[PDB]
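A.B. asks: Make a model of this:
(chains A, B and C)
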Amino acid sequence: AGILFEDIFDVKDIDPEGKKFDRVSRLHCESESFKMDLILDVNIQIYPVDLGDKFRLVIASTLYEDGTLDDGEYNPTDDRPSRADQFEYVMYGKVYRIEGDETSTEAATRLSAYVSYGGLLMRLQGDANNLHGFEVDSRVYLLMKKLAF
Amino acid sequence: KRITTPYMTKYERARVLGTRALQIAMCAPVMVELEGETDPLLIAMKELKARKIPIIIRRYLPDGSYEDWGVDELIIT
Amino acid sequence: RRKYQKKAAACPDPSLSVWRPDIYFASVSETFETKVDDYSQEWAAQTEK
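C.D. replies: Numbering: from 1, shown residues only, chains lettered A, B, ... in the order given. Pasting the structure now:
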């Protein structure tokens, strides 16, 4: 497996900072199993999300769950069994900032990793025990699916 | 005993490539292999990256003295 | 008369009057030395975490 993160979130607020971009919406989410939080920009034109909804979230570093080599090139002419076919919404962007709440203490209780999916930003703050895999300039994928119960 | 800049300046490169490009024209012999251009400035600028231009420069200090630096030994930017 | 060494005979000259800057590496102005050293002190603090 090449999974760097996996949790089931829950949308609690949408655009509180007032900056309402067209076709992009903020999603202040919170986890339920853990106590992490999430800021996510999704494409509303393609994959709409409203508040109160709950969705699976997986952040991988490769789609090839077997034979992990993460070559980093898109070929639409290749059909191979990958990880993307299980989920509905797949992004691809760098990690550009890791800035926690430390006070001269390495790997503190709060650690925030900032991912930028070609412009669509993402904050993933929580316990630093989960976010070990994230380094600066690490090409990670975002994999997402909404589940209703 | 020569104490000036070891770096070739911009005007040094301009005059060396100018005269060397005229030291290519009028059937003058060339010292690198060429992919086939007709502009002598490209030819003279490829010998600069080759450090094959043999020109010695007399950098006139204002007394009337000079130091003889070589384009072979001058460090381009 | 060690006062002639206690009181130094002058301050030392600027680093680009003595030891000219075109040949002699790391001979910069006093203002630029102060700027480089303040940024080294700040850079170590931000690169600590």
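
A.B. asks: which bits of chain B sit near chain C?
C.D. replies: B:3-6 (CB under 8 Å from any CB of the partner chain). (Each C-beta comes from the backbone N, C-alpha and C, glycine too.)

A.B. asks: Which of these lies at the shortest distance from residue A:109?
C.D. replies: residue B:6 (54.6 Å; CB to CB).

A.B. asks: Find the nearest non-adjacent residue to the closest one, please.
C.D. replies: residue B:75 (5.5 Å; CB to CB, 6 or more residues apart in numbering or on different chains).

A.B. asks: I'd like to know how many residues surround the one you found.
C.D. replies: 9 (other CB atoms under 10 Å in any protein chain shown).

A.B. asks: try residue A:111
C.D. replies: 21.

A.B. asks: My read is that it contacts residue A:124, right?
C.D. replies: No - checked against CB atoms under 8 Å, the pair residue A:111 and residue A:124 is beyond contact range at 9.0 Å.

A.B. asks: Look through chain B and state the residue closest to chain C.
C.D. replies: Here chain B gets closest to chain C at one residue, residue B:5, 4.7 Å apart by CB to the nearest CB.

A.B. asks: Helix, strand, or coil at that residue?
C.D. replies: Secondary structure for residue B:5, judged by DSSP: H, G, I helix; E, B strand; the rest coil, is coil.

A.B. asks: residues from chain A in reach of chain C?
C.D. replies: A:102, A:104, A:106.

A.B. asks: OK, contacts around residue A:45?
C.D. replies: Residues counted as contacts of residue A:45 (CB atoms under 8 Å, 6 or more residues apart in numbering or on different chains) are residue A:23.

A.B. asks: that older thread, need the phi and psi values for the residue nearest to residue B:6.
C.D. replies: As for residue B:75, its main-chain torsions (degrees, to the nearest 10) stand at phi -90, psi 110.

A.B. asks: which residues of chain B fall in helices?
C.D. replies: B:10-22, B:40-50 (DSSP state H).

A.B. asks: Now do the longest one: which elements does it pack against?
C.D. replies: The one in question is helix B:10-22. Secondary-structure packing of helix B:10-22 (3 or more CB pairs under 8 Å, 6 or more residues apart in numbering or on different chains; DSSP states H and E): helix B:40-50.

A.B. asks: Show the contacting residues for the residue nearest the centre of chain B.
C.D. replies: Chain B has residue B:16 as the residue nearest its centroid, 3.5 Å off, counting by CA atoms, centre = their mean. Taking CB under 8 Å, 6+ apart as the criterion, residue B:16 is in contact with B:8, B:48, B:53, B:55, B:57, B:71.

A.B. asks: Keep only those of these that are in strands.
C.D. replies: Under the assignment DSSP state E, the contacts of residue B:16 contribute residue B:57 to strands.

A.B. asks: Confirm for me that residue B:20 is in contact with residue B:52.
C.D. replies: No - using CB under 8 Å as the test, residue B:20 is too far from residue B:52 to be in contact (9.6 Å).

A.B. asks: Looking at the two, which one has more neighbours?
C.D. replies: Taking neighbours as other CB under 10 Å, residue B:20 and residue B:52 compare with residue B:20 leading, 22 against 14.

A.B. asks: Next, count neighbours for the closest residue in space to the more buried one that isn't next to it in sequence.
C.D. replies: Once flanking residues are discounted, residue B:20 sits nearest to residue B:44: 4.3 Å by CB to CB, 6+ apart. Using other CB under 10 Å, the number of residues around residue B:44 comes to 22.

A.B. asks: that older thread, what do residue A:111 and residue A:124 both touch?
C.D. replies: residue A:131.

A.B. asks: mind listing what residue A:149 touches?
C.D. replies: By CB under 8 Å, 6+ apart, the neighbours of residue A:149 are residue A:54.
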